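J.: I'd like to ask some things about the structure below.
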Number of protein chains: 6
Amino acid sequence: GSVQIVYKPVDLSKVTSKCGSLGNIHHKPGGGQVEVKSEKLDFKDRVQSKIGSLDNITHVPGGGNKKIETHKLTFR
Amino acid sequence: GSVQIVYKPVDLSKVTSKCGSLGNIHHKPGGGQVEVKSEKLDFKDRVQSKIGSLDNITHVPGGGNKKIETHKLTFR
Amino acid sequence: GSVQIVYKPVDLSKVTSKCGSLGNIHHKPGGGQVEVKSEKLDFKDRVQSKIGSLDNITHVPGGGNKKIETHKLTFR
Amino acid sequence: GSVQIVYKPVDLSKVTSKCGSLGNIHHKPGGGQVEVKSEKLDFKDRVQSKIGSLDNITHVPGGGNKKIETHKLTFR
Amino acid sequence: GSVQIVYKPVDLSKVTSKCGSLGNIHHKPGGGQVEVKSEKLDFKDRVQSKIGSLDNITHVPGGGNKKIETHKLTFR
Amino acid sequence: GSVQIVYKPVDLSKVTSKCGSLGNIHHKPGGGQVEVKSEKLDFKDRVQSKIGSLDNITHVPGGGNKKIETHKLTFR
C-alpha cells in the first residue's frame with residue numbers, strides 16, 4: 001500500500017497600493033451613555049465577551065493591505 | 001493499492017490600487033444612549049458576545065486590498 | 001506500507017504600499033458615560049472579557065501591511 | 001378743578017396644593033445634533049437671542065404655584 | 001387745582017404647598033453635538049445672547065412657589 | 001396748585017412650603033461636544049453674552065419660594 005503525496009503550492013502574488021496624499025481626516029464623537037444590568041454569568045470555554053463598551057477608533061494606515069493564508073494537511 | 005497525489009496550485013495574482021488623494025473625511029457622531037437588562041448568562045463554547053456597545057469607527061486605509069486564501073487537504 | 005510525504009510550499013510574495021503624505025488627522029472624543037452592574041461571575045476557560053471600558057484609539061501606521069500564514073501538518 | 005383718586009384694591013387669595021407623593025420621574029435624552037451657519041448679525045435693542053442650543057431641563061418642584069400681579073396707575 | 005391721590009393696595013395672600021415625599025428623580029442626558037459658524041457680530045443694547053450652549057438642568061425645589069408683584073405710579 | 005399724595009401699600013402675605021422628604025435625586029450627564037467659530041465681535045451696551053458653554057446644574061433647594069416686588073413712584 002504505497003502512499004506518495006506531493007504538496008507544492010507555488011505563489012507569486014504582489015499586493016500593492018499607491019495613495020497620493022492622506023490628510024484632513026477629522027473624528028469628533030460627541031459623547032454617549034451606556035448602562036447594563038445583570039445578575040449572574042458563567043462563561044465556560046473560549047468566550048470573547050464585551051459588556052458595556054464606549055469605544056472610539058481612528059485607524060488610518062498608509063498601507064493596510066492584508067494577505068492571509070492557511071495551509072492544513074492531515075493524514076490518517 | 002498505490003496512491004499518488006499531486007497538489008500543485010500555482011498563483012500569479014496582483015491586487016493593485018491607485019488613489020490620487022484622500023482627504024476631507026469628517027466623522028461627527030452626535031451622542032446616543034443604550035440600556036440593557038438581563039438576569040443570567042451561561043455561555044458554553046466559542047461565544048463571541050457583545051452586550052451594550054456604543055462604538056464609533058473611522059477606518060481610512062490608503063490601501064485596504066485584502067487577499068484571503070485557505071488550502072485544506074485531508075487523507076484517510 | 002511505504003509512506004512518502006513532500007510538503008514544499010514555495011512563496012514569492014511582496015506586499016507593498018506607497019503613501020505620499022500622512023497628516024492633519026484629528027481625533028477629539030467628547031466624553032461619555034458607562035455603568036455596569038452585576039452580582040456574580042464564574043469564568044472557566046480561555047475567557048477574554050472586557051466589562052465597562054471607555055477606550056479611545058488613534059492608530060496611524062505609515063505602513064500597516066499584514067501578512068499572516070499558518071501551516072499545520074498532522075500524521076497518525 | 002378738584003381731582004380725588006382712591007386706588008384701593010383688596011385681595012384675600014390663597015393658592016394651595018397638596019401632592020401625596022412625587023417620585024419615579026425619569027428623563028433620559030438620547031443625544032442629538034445641531035448645526036447653524038450665518039455671516040453677520042446686528043442686534044440693536046432688547047434682543048433675547050438663542051442660537052444653536054441643545055438644552056435639557058428637568059423641573060420638578062414640590063409646589064410650583066405662581067401668582068403674578070401688576071398695578072400701574074398713571075396721571076397727567 | 002387740588003390733586004389728592006390715595007394709593008392703598010391691601011394684600012392678604014398665602015401661597016402654600018404640601019408635598020408628602022420627593023424622590024427617585026433621575027436625569028441621564030446621553031451626550032450631544034452643536035456647531036455654530038458666523039463672521040461678525042455687533043450687539044448694541046440690552047442684548048442677552050446665547051450662542052452654542054449644551055446645557056442640562058435638574059431643578060428640584062421642595063417649595064417653588066413664586067409670587068411676583070409690580071407697582072408703578074407716575075405723575076406729571 | 002396743591003398736590004397731596006398718599007402711597008401706602010400694605011402687605012400681609014405668607015409664602016409657605018412643606019416637603020416631607022427630598023432624596024434619591026440623580027443627575028448623570030453623558031458628555032457632549034460644542035464648537036463655535038466667528039471672526040469679529042463689537043458689544044456696545046449691557047450685553048450679557050454666552051458663547052460655547054457646556055453647563056450642568058443640579059439645584060435642589062429645600063425651600064425655593066421666591067417673592068419679588070418692585071415699587072416705583074415718579075413725580076414731575
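FYI, nothing fancy with the C-alpha cells labels: chains A, B, ... in order, residues from 1 per chain, ligands from 1 as they appear.
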As a PyMOL selection string, please: every residue in chain D that DSSP puts in strand (DSSP E).
T.: chain D and resi 3-7+10-11+14-15+18-19+34-35+42-43+50-51+56-59+66-68+71-74
J.: With C-alpha atoms retained, write the just-selected residues as a JSON list (two decimals), in the first residue's frame.
T.:
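Wrote again34.json, looks like this:
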[["chain", "number", "residue", "atom", "x", "y", "z"],
["D", 3, "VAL", "CA", -59.27, 115.66, 41.39],
["D", 4, "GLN", "CA", -59.68, 112.95, 44.03],
["D", 5, "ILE", "CA", -58.50, 109.39, 43.37],
["D", 6, "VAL", "CA", -58.91, 106.36, 45.63],
["D", 7, "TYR", "CA", -56.94, 103.34, 44.41],
["D", 10, "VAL", "CA", -58.08, 94.48, 48.32],
["D", 11, "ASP", "CA", -57.00, 90.87, 47.89],
["D", 14, "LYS", "CA", -54.88, 81.64, 48.77],
["D", 15, "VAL", "CA", -53.20, 79.42, 46.17],
["D", 18, "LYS", "CA", -51.45, 69.06, 48.13],
["D", 19, "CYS", "CA", -49.46, 66.26, 46.49],
["D", 34, "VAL", "CA", -27.41, 70.88, 15.78],
["D", 35, "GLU", "CA", -25.61, 72.96, 13.15],
["D", 42, "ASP", "CA", -26.59, 93.35, 14.11],
["D", 43, "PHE", "CA", -28.80, 93.29, 17.22],
["D", 50, "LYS", "CA", -30.51, 81.94, 21.37],
["D", 51, "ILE", "CA", -28.57, 80.35, 18.52],
["D", 56, "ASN", "CA", -32.39, 69.59, 28.59],
["D", 57, "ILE", "CA", -34.43, 70.57, 31.64],
["D", 58, "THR", "CA", -35.92, 68.53, 34.48],
["D", 59, "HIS", "CA", -38.00, 70.84, 36.66],
["D", 66, "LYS", "CA", -47.29, 81.08, 40.74],
["D", 67, "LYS", "CA", -49.19, 84.28, 41.46],
["D", 68, "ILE", "CA", -48.24, 87.30, 39.36],
["D", 71, "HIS", "CA", -50.52, 97.51, 39.17],
["D", 72, "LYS", "CA", -49.87, 100.58, 37.05],
["D", 73, "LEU", "CA", -51.52, 103.93, 37.75],
["D", 74, "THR", "CA", -50.68, 106.96, 35.62]]
J.: Quick one: which residues from chain B are at most 10 Å off chain E, using only C-alpha atoms, as a ChimeraX atom specification?
T.: /B:28-34
J.: Which residues are close to residue F:45, i.e. within 9 Å by only C-alpha atoms, leaving aside same-chain residues fewer than 4 positions away? Reply as a ChimeraX atom specification.
T.: /E:43-47
J.: Check the smallest atom-to-atom distance from each of D:53, D:16, D:22, D:37 to residue E:65 using only C-alpha atoms, then report the winner.
T.: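 Once distances to residue E:65 are computed over only C-alpha atoms, the minimum belongs to D:16.
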J.: Have a look at atom CA of residue A:20 and atom CA of residue C:13 and let me know their distance in Å, one decimal.
T.: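 Between these atoms lies a distance of 23.7 Å.
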J.: Work out how far apart atom CA of residue B:36 and atom CA of residue B:55 are and give it in Å to one decimal.
T.: 15.3 Å
J.: Just want the 9 Å neighbourhood of residue D:25, counted on only C-alpha atoms, with same-chain residues fewer than 4 positions away dropped. Output as a list in words.
T.: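 Answer for this query is residues 60 of chain D; 23, 24, 25, 26 and 27 of chain E.
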J.: Mind giving me the straight-line distance from atom CA of residue D:70 to atom CA of residue D:9 in Å, one decimal?
T.: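 Rounded to one decimal, the two atoms are 11.6 Å apart.
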J.: Which residues are close to residue D:62, i.e. within 7 Å by only C-alpha atoms, leaving aside same-chain residues fewer than 4 positions away? Reply as a short mmCIF file (atom, residue, chain, number, x, y, z; two decimals) with N, CA and C atoms, in the first residue's frame.
T.:
data_model
loop_
_atom_site.label_atom_id
_atom_site.label_comp_id
_atom_site.auth_asym_id
_atom_site.auth_seq_id
_atom_site.Cartn_x
_atom_site.Cartn_y
_atom_site.Cartn_z
N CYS E 19 -46.10 68.69 49.99
CA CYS E 19 -45.68 67.54 49.21
C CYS E 19 -45.21 66.46 50.17
N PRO E 61 -36.88 71.95 43.54
CA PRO E 61 -37.13 72.62 44.82
C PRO E 61 -38.25 71.94 45.59
N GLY E 62 -38.09 71.86 46.91
CA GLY E 62 -39.16 71.36 47.75
C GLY E 62 -40.31 72.33 47.89
N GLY E 63 -40.09 73.60 47.55
CA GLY E 63 -41.15 74.58 47.50
C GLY E 63 -41.42 75.00 46.07
N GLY E 64 -40.89 76.15 45.68
CA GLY E 64 -41.02 76.58 44.30
C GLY E 64 -42.18 77.50 44.03
#
